[PDB]
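J.: Sharing a structure with you now.
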2 protein chains.
Amino acid sequence: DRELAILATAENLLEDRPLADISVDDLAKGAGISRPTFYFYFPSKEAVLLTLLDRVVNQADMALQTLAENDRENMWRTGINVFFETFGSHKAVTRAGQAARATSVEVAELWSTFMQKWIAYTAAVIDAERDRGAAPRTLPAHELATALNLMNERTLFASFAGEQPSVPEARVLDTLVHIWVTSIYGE
Amino acid sequence: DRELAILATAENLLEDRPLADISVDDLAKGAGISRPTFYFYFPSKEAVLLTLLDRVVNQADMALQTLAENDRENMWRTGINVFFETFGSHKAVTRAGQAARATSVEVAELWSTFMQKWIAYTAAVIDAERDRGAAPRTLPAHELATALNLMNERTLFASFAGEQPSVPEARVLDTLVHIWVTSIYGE
Ligand SMILES: COc1ccc2nc(-c3noc(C4CCN(C(=O)CCC(F)(F)F)CC4)n3)sc2c1
Ligand SMILES: COc1ccc2nc(-c3noc(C4CCN(C(=O)CCC(F)(F)F)CC4)n3)sc2c1
């Protein structure tokens with residue numbers, strides 16, 4: 001498709017510079033189409049990013065659903081690793097998509113929809129752990145799930161962007177898993 | 001000062017709308033000065049926000065220094081509460097300042113400088129807890145401190161903005177304290 005060519009070009013260019021510094025002409029050129037032909041597939045470069053982010057969050061979400069059809073530390077590590085690997089494989093899209101949350105209501109709403117879904121799935125697993133006697137009844141599961149998921153969002157994305165400060169990318173999985181296991185199973 | 005009047009006006013208007021929708025004329029008007037007189041004190045509305053954020057982060061930082069000159073759960077709760085109360089007392093400045101991290105290198109660098117300072121202070125306290133035998137030698141203190149501080153940044157600011165998703169503001173302190181105590185003292 002010309003559609004897939006535009007998406008691949010946008011992902012490539014986002015590795016070099018932000019969306020602000022990519023023109024519809026750059027996207028058309030890389031995709032081997034004219035400018036007006038671009039506007040047939042997407043109303044704006046912003047819509048291209050929204051589509052790229054939607055594919056990445058759906059890939060993470062489908063990978064977590066795959067896990068869910070089947071030791072406590074290794075379970076949480078495997079689950080966190082879906083997001084580490086999936087977002088970690090699409091750092092430029094992840095970075096540009098997180099920035100676009102501030103300027104695009106559609107990007108804000110996509111990110112918010114999936115965060116609510118992943119928080120609800122986390123809380124359901126914590127509740128099942130509590131029901132089976134593996135985890136103590138401490139905080140409300142949904143509030144614990146919210147903070148742990150927000151920690152992961154901020155910590156993954158700071159590490160991938162090499163922000164100062166950040167956990168080094170080679171330490172971020174062990175770091176998050178420790179905090180998830182001690183806070184879910186502790187006291 | 002006319003300076004203090006501009007800062008107070010900016011903090012007031014940021015409660016109603018974002019910086020983008022506040023003009024130098026609104027700031028001058030509220031401060032009882034002309035437009036050119038405004039430019040005597042500040043080069044831009046962006047500089048006004050940078051100054052407001054600098055005062056708020058310094059107030060938090062001075063309050064934490066005050067604590068530091070003197071049960072483990074209550075210690076961490078008191079320390080987290082400096083940020084909850086200080087930022088919670090300046091929600092409009094906090095919100096606009098966090099958004100400005102994306103568009104102002106000076107705002108990005110202020111926030112990054114103080115986060116490094118608070119992470120280093122957290123890690124020093126964790127290390128002292130380990131040295132005294134109160135906390136086990138688990139993760140590297142500085143990496144644990146980084147993730148817990150990033151959790152607090154994201155969780156406090158989502159709660160204050162009423163984002164979906166967020167921990168309710170009346171639950172956020174208990175939530176963060178649980179995760180800090182179990183991850184610092186656990187295993
Ligand atoms: C085969 O058996 C298994 C194996 C693994 C496994 N993991 C499970 C799980 N439940 O909830 C979560 C979170 C989703 C959000 N999550 C995130 O980190 C979200 C990151 C973000 F997108 F938020 F930034 C972290 C894991 N994982 S159930 C399960 C069953
Ligand atoms: C009288 O005895 C006491 C009493 C309290 C007490 N608290 C201490 C402490 N050490 O590190 C921190 C963190 C700073 C960053 N922090 C944040 O939440 C930062 C929030 C952010 F700005 F990051 F968003 C959370 C507490 N607190 S030592 C101490 C000694």
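Going by the structure tokens order, chains are called A, B, ..., each with residues numbered from 1, while ligands are numbered from 1 in the order shown.
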Check every protein, DNA and RNA residue against ligand 1, keep those with an atom at most 7 Å away (counting only C-alpha atoms and all ligand atoms), and present them as a ChimeraX atom specification.

T.: /A:64,67-70,75-76,78-80,83,115,118-119,121-122,125,149-150,152-153,156

J.: Just want the 10 Å neighbourhood of stretch 167-180 of chain A, counted on only C-alpha atoms, with same-chain residues fewer than 5 positions away dropped. Output as an NGL selection string.

T.: (:A and (73-81 or 83-84 or 88 or 144-145 or 148-149 or 151-152 or 155-162 or 185-186)) or (:B and (138-140 or 142-148 or 150 or 179-180 or 182-184 or 186-187))

J.: Please produce a file of the residues just selected, as a compact mmCIF listing (two decimals), in the first residue's frame, where the atoms kept are N, CA and C atoms.

T.:
# COMPACT_ATOMS: atom_id res chain seq x y z
N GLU A 73 7.20 -13.50 40.47
CA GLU A 73 8.16 -12.52 39.96
C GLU A 73 8.26 -12.64 38.43
N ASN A 74 8.38 -13.86 37.93
CA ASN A 74 8.51 -14.12 36.48
C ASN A 74 7.22 -13.75 35.71
N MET A 75 6.05 -13.94 36.32
CA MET A 75 4.78 -13.53 35.69
C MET A 75 4.81 -12.00 35.47
N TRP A 76 5.07 -11.22 36.51
CA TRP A 76 5.05 -9.74 36.37
C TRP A 76 6.17 -9.30 35.44
N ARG A 77 7.33 -9.96 35.50
CA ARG A 77 8.44 -9.60 34.62
C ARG A 77 8.02 -9.81 33.17
N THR A 78 7.39 -10.95 32.85
CA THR A 78 6.95 -11.26 31.47
C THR A 78 5.95 -10.20 31.00
N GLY A 79 5.01 -9.82 31.86
CA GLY A 79 4.00 -8.81 31.53
C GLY A 79 4.62 -7.44 31.32
N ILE A 80 5.45 -6.98 32.24
CA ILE A 80 6.13 -5.67 32.04
C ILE A 80 6.96 -5.71 30.75
N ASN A 81 7.58 -6.85 30.46
CA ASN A 81 8.49 -6.99 29.29
C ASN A 81 7.72 -6.81 27.99
N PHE A 83 5.73 -4.48 27.39
CA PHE A 83 5.73 -3.01 27.14
C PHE A 83 7.15 -2.52 26.88
N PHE A 84 8.08 -3.03 27.69
CA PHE A 84 9.52 -2.74 27.49
C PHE A 84 9.93 -3.06 26.04
N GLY A 88 9.98 -0.29 23.29
CA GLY A 88 11.45 -0.23 23.14
C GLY A 88 11.85 -0.50 21.68
N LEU A 144 -3.52 0.91 43.50
CA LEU A 144 -2.13 0.37 43.41
C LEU A 144 -1.76 0.18 41.93
N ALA A 145 -2.63 -0.48 41.18
CA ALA A 145 -2.47 -0.68 39.72
C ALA A 145 -2.25 0.65 39.00
N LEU A 148 1.32 2.01 39.82
CA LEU A 148 2.39 1.15 39.26
C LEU A 148 2.47 1.32 37.73
N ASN A 149 1.32 1.43 37.07
CA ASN A 149 1.21 1.65 35.61
C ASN A 149 1.73 3.05 35.25
N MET A 151 3.98 4.75 37.04
CA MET A 151 5.42 4.60 37.23
C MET A 151 6.01 4.01 35.94
N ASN A 152 5.44 2.92 35.44
CA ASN A 152 6.02 2.24 34.27
C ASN A 152 6.02 3.18 33.07
N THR A 155 8.77 5.89 33.64
CA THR A 155 10.12 5.30 33.81
C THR A 155 10.57 4.72 32.45
N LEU A 156 9.72 3.92 31.77
CA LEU A 156 10.04 3.35 30.43
C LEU A 156 10.41 4.50 29.49
N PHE A 157 9.55 5.49 29.38
CA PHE A 157 9.69 6.58 28.38
C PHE A 157 10.87 7.49 28.75
N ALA A 158 11.15 7.76 30.03
CA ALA A 158 12.38 8.50 30.38
C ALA A 158 13.62 7.70 29.97
N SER A 159 13.61 6.40 30.19
CA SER A 159 14.77 5.55 29.89
C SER A 159 14.98 5.54 28.38
N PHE A 160 13.91 5.32 27.61
CA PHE A 160 14.01 5.22 26.14
C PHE A 160 14.50 6.54 25.57
N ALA A 161 14.09 7.66 26.13
CA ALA A 161 14.52 8.99 25.65
C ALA A 161 15.90 9.35 26.20
N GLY A 162 16.54 8.51 27.01
CA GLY A 162 17.77 8.89 27.74
C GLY A 162 17.62 10.22 28.48
N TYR A 185 3.00 -7.91 46.85
CA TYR A 185 3.08 -9.09 47.74
C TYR A 185 3.45 -8.65 49.14
N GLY A 186 3.96 -7.43 49.33
CA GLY A 186 4.54 -7.00 50.61
C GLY A 186 3.48 -6.53 51.60
N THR B 138 19.02 -4.59 48.15
CA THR B 138 18.28 -5.20 47.02
C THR B 138 18.78 -4.52 45.75
N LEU B 139 17.96 -3.72 45.13
CA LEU B 139 18.37 -2.97 43.93
C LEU B 139 19.43 -1.95 44.32
N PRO B 140 20.25 -1.47 43.37
CA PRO B 140 21.02 -0.23 43.51
C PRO B 140 20.15 0.96 43.95
N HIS B 142 20.28 4.13 43.84
CA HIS B 142 20.07 5.30 42.97
C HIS B 142 19.04 4.96 41.87
N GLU B 143 19.02 3.70 41.44
CA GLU B 143 18.08 3.25 40.39
C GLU B 143 16.68 3.13 41.03
N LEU B 144 16.59 2.57 42.24
CA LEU B 144 15.30 2.47 42.98
C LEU B 144 14.75 3.88 43.22
N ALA B 145 15.59 4.77 43.74
CA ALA B 145 15.25 6.19 43.97
C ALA B 145 14.74 6.85 42.69
N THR B 146 15.37 6.59 41.54
CA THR B 146 14.97 7.21 40.28
C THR B 146 13.52 6.77 39.98
N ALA B 147 13.24 5.47 39.97
CA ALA B 147 11.91 4.98 39.56
C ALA B 147 10.87 5.50 40.55
N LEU B 148 11.17 5.50 41.86
CA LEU B 148 10.16 5.92 42.86
C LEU B 148 9.84 7.41 42.70
N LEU B 150 10.21 9.15 39.83
CA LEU B 150 9.46 9.32 38.56
C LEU B 150 7.99 8.90 38.77
N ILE B 179 3.94 2.02 48.34
CA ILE B 179 4.86 1.54 47.29
C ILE B 179 6.30 1.88 47.70
N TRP B 180 6.55 3.06 48.27
CA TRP B 180 7.90 3.46 48.77
C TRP B 180 8.35 2.49 49.88
N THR B 182 7.21 -0.61 50.93
CA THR B 182 7.33 -2.03 50.56
C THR B 182 8.55 -2.19 49.65
N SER B 183 8.85 -1.24 48.75
CA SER B 183 9.96 -1.44 47.79
C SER B 183 11.31 -1.16 48.45
N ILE B 184 11.36 -0.26 49.43
CA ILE B 184 12.63 0.10 50.13
C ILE B 184 12.95 -0.97 51.20
N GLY B 186 11.30 -4.10 51.56
CA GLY B 186 10.86 -5.45 51.23
C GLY B 186 11.97 -6.30 50.61
N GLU B 187 12.01 -7.58 50.99
CA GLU B 187 12.92 -8.72 50.62
C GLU B 187 14.34 -8.48 51.10

J.: Mind checking which residues fall within 9 Å of residue B:25, counting only C-alpha atoms, ignoring those fewer than 4 positions away in the same chain, and posting them as a PyMOL selection string?

T.: chain B and resi 29-30+34-35+38

J.: For each of B:28, B:47, B:20, B:134, take the minimum atom-to-atom distance to chain A, counting only C-alpha atoms, then give the residue where this is smallest.

T.: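 Distance minimum relative to chain A lands on B:20.
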
J.: What does the distance from atom CA of residue A:113 to atom CA of residue A:101 come to in Å, to one decimal?

T.: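 The value is 12.4 Å.
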